[PDB]
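[1] Just the starting chains for now, same placement as in the complex:
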Amino acid sequence: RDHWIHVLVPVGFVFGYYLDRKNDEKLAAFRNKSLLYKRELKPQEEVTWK
Amino acid sequence: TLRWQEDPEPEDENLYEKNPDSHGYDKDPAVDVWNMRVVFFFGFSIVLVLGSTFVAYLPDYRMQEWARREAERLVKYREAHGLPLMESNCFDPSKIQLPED
Amino acid sequence: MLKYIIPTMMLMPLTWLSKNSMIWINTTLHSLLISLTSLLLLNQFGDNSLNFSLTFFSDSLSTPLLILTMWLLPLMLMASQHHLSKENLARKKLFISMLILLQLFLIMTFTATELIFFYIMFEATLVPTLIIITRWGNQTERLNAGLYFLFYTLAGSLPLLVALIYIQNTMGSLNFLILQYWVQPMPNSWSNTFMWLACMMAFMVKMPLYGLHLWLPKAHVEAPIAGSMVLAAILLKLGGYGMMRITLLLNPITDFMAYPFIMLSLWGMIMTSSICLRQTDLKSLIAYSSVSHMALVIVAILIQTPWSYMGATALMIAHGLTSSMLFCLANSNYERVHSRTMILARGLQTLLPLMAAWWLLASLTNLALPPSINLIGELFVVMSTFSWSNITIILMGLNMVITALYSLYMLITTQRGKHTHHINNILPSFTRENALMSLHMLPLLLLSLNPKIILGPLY
Amino acid sequence: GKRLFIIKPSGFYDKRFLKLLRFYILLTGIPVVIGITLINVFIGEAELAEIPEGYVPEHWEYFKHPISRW
Amino acid sequence: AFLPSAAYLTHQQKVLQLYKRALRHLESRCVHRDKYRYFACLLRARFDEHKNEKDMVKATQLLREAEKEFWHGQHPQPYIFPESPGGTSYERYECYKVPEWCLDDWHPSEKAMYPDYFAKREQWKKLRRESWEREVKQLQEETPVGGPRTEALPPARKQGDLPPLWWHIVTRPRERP
């Protein structure tokens, strides 16, 4: 590509978003366990949130 | 006697002399024009118009609307059954223990 | 907060692998894109703050400062690309890398959930600022300005760290989310007295406080335009943010402790406004106005009422934008007349009409004309300090008059009257300068429509 | 009628800046307001209803405007 | 004792200025023309009575007592001409007195709206830049040792040359731009 310097910041932003989504799964020790939002699982659903 | 052999102080440069259509970004006219276009596109057409549109349509900031609507329910509860609008105690007096005095 | 740190760090391969003269265009474009993506931090809830991970979290207080910083970086690059046109390419890349690094440390300071991490970034902002001031300044006194700026701040911040470490040995943790639930009342004793002094004097120094403000007129008027912007609009708010975070642990000893600093700021606003009434330098006038406004923010934080906190954060954002605009105006005049004297270039309305309009608008927002957010913040601080005591309004009200006595004066001597006869290098206003002032002012005028996003974490 | 020349500073640059500012604002101002009007007229606003039994709404289903929901 | 050409005010100029100020204040005191004419003739008699006084110190003491008399009975708000300093219309049009060198910064697109005027301006600039060295050499060869004594400028004593330092006085903006 003749404009390869213009895809450094957007790729970095996509990488940061992906790392945020990856880090959110490691902090799921209380997913569907809170006293305010606990709920029986709906059909065709295995987690409350990703 | 000539202390400190030094280049003379250069005169000021006028960007309008060599290019009367200079926007003030660069002395090269094409680079100056492209910098002007980039600044005016990503400074007004992207981060101001779309930014103000995003800020204007924020989805219920700090639930400031919701706390009204729930209150619109809650009064309609306690006015219907003769209850007072607000109690003087935030917590129930039956479930709180005081030290002896 | 990893989605904002990574593009900011990737800005350095952008500015080092760019072309011979395409560094400014690429850096401005990608920093404006980062500023556009910065608006995703407005996911605020009425009870819960936005917590990202074990290290980074964003309340409704840090979010306007983050947005202001990431908005200020492209404006900074636009402002500092005229006096560096004669610079070396390597030195230009070094300057851009310094600005990028400073912005990275600033956006990592505000989101720190740990007070030690916050303190580390809060001192890490010192090195690029000092390097910029001492290297890319114009006068000799910048070297002196490199000392008073430095050894003041550390003299406030080196005891404070010890106090912070003491909390690590007392409460078991320094996480702000934990400390909101494990806080304890502070009894009246000499130990808690000196711990309060250690935890506060760094933020009084970096705000600044009257008496300790001596570094600010020196580090504002020798610094270049980018340094003046970074001191005026962001780096004076680190003290306010640190105060708002650290006042939680220092209760209820603050009620009788805040008296001498409140009196110092309430007299220092009058003293600095009177100094502004007789200053011969534009840059020193803007610096002393910044001192007065930050003394007002100090009073607002110290009386610690919800209206005071709201007025404090609104005043912080509004003063940052207004001081940045005033410093860019002073930089444009300095670049056109090659001097800093107020009385030198007079009657510029007959030569620059649009710059006269920008000067009038900036002076209008300086004296807090309603319904701008300057008036919102100053008004709410006035209401809170009238609730605190019924006499302080006098010490407010007189100050207001003196504000309207210098800002318009700063207009008149620079805009009205007969033009000087021996100055004939007054060029017309460039498109870059007008773009800079419009980008400074239009968010400030637009924020009056929806001010609820800059009203603190207890709105 | 003996017209005399009026000396004034060059207003070409300020007029050029104002014209460019107006153009670059309106260039995305007009499509945004057109799309907002077309959304408000055709898609419209939501309606307030009670939550039915056995069903839980999505996290974006508590907001009125389509732009806020999106 | 502040004059552009001289270093002091002589006795005659002091008497004339006192007479002019006294007559102006007398005109301000009485509104009507006939009363002013009567009292101006009276003041002219009072000044003409002591005209031929050869005693110099007696003239000085008469000047001092006349100045004290004028200061005792002058109008609190004397009449000021509108263009005179302290008037209502004084320095009003200085906001429209644009200097000429701004025309050097005009764009070529708006410079084409007045072709002949800018041609004459170019001719004027050529004349100034070709006469500048001649007039500065005229100035440097006429000023005595130790700088000039007064602020009076010499005229053009040759044929074809212009008086020195003529540009900013000839090309000043008009009183009604």
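    Thanks, I have the structure now. Numbering: from 1, shown residues only, chains lettered A, B, ... in the order given.

[2] check contacts around the spatially most central residue of chain B.
    Residue closest to the average C-alpha location in chain B (Cα atoms, centre = their mean): residue B:55, at 8.3 Å. Counting by Cβ atoms under 8 Å, 6 or more residues apart in numbering or on different chains, residue B:55 touches C:39, C:42, C:450, C:453. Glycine gets a C-beta too; all of them are placed from N, C-alpha and C.

[3] any idea how far the first one is from chain D?
    The span separating residue C:39 from chain D equals 14 Å under the rule Cβ to the nearest Cβ, to the nearest Å.

[4] who's in contact with that residue?
    Residue C:39 makes contacts with B:51, B:54, B:55, C:67, as judged by Cβ under 8 Å, 6+ apart.

[5] quick one on the thing from earlier: identify the farthest-apart pair in the contacts of residue B:55.
    C:39 and C:450 (12.6 Å; Cβ to Cβ).

[6] which SSE is residue E:172 in?
    Assigned by DSSP states H and E, residue E:172 belongs to neither a helix nor a strand.

[7] quick one, what contacts the residue in chain E that chain A sits nearest to?
    Nearest residue of chain E to chain A: residue E:107, at 34.1 Å (Cβ to the nearest Cβ). Shown in contact with residue E:107 (Cβ under 8 Å, 6+ apart): B:20, D:10, D:12, D:13.

[8] re the thing from before, and of the contacts of residue B:55, the nearest to residue D:69?
    Residue D:69 lies nearest to residue C:42 out of the contacts of residue B:55, by Cβ to Cβ, at 15.7 Å.

[9] That closest one reaches residue B:60, doesn't it?
    No - applying Cβ atoms under 8 Å, one finds residue C:42 not in contact with residue B:60, separated by 11.5 Å.

[10] any idea which helix is longest in chain D?
    Longest helix in chain D, counting residues (DSSP state H): helix D:12-38.

[11] most neighbours, which of the contacts of residue E:107?
    Within the contacts of residue E:107, residue D:13 tops the neighbour count with 25 neighbours, counted by other Cβ atoms under 10 Å in any protein chain shown.

[12] What sits closest to it if chain neighbours are left out?
    Distances taken as Cβ to Cβ, 6 or more residues apart in numbering or on different chains place residue C:428 nearest to residue D:13, at 4.5 Å, with adjacent residues excluded.

[13] now the sequence for chain F, which goes on the structure above:
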Amino acid sequence: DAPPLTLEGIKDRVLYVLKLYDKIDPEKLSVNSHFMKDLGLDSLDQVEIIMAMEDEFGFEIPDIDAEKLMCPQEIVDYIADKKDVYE
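    The block that follows adds chain F to the chains above:
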């Protein structure tokens, strides 16, 4: 508003005001006639002439310029230079 003044008009006005003076007989004065020698006036009469022209033309002549004006052509030239006539 403010009709333009020409050199002929200024010379006519100054000759009118000088002709309406009883100390100057109208059959002898000319436009290049000196006040002190050609007409035999006085310094007080010169001050009266200067303030008469000041009241006639509606603008004030400073004293440093009034003391050097002694002939109607000089007054015409001074008023012409001040009012920027013949444009």
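
[14] back to the contacts of residue B:55, now that we've got chain F?
    Contacts here follow Cβ under 8 Å, 6+ apart; on that basis residue B:55 touches C:39, C:42, C:450, C:453.

[15] Filter those down to just the buried residues.
    C:39, C:42, C:453 (16 or more other Cβ atoms under 10 Å in any protein chain shown).

[16] And those, which is closest to residue C:213?
    Distances from residue C:213 to the buried ones among the contacts of residue B:55, taken by Cβ to Cβ, are shortest for residue C:453, at 30.1 Å.

[17] Is the closest one in contact with residue C:42, as I believe?
    Yes - contact criterion Cβ under 8 Å: residue C:453 and residue C:42 qualify, at 6.5 Å.

[18] Now list whatever residues contact both of those two.
    With Cβ under 8 Å, 6+ apart, residue C:453 and residue C:42 have common neighbours B:55, B:58, B:61, C:63.

[19] For the second one, grab the count of nearby residues.
    Taking other Cβ under 10 Å as the neighbour definition, residue B:58 ends up with a count of 20.

[20] Can you name the residue of chain B nearest chain A?
    residue B:38 (11.3 Å).

[21] any idea which element that residue lies in?
    For residue B:38, the host element (DSSP H and E) is helix B:29-44.

[22] In that helix, which residues are buried?
    Buried residues in helix B:29-44, counted by 16+ other Cβ under 10 Å: B:31, B:32, B:35, B:36, B:38, B:39, B:40, B:41, B:42, B:43, B:44.

[23] cool, and stretch E:115-124?
    residue E:121.

[24] before we move on, what about stretch C:301-312?
    For stretch C:301-312, the neighbour count (16+ other Cβ under 10 Å) marks C:301, C:302, C:303, C:304, C:305, C:307, C:308, C:309, C:310, C:311, C:312 as buried.

[25] between the residues you listed, which is closest to chain D?
    Set against chain D, the nearest of the buried residues of stretch C:301-312 by Cβ to the nearest Cβ is residue C:310 (24.7 Å).

[26] Chain D against chain A: which residues are in contact?
    Residues of chain D found near chain A (Cβ under 8 Å from any Cβ of the partner chain) are residue D:56.

[27] Get me the contact residues on chain D for chain E.
    So far as Cβ under 8 Å from any Cβ goes, chain D lies against chain E at D:4, D:5, D:6, D:7, D:8, D:9, D:10, D:12, D:13.

[28] Many thanks, I have nothing further to ask.
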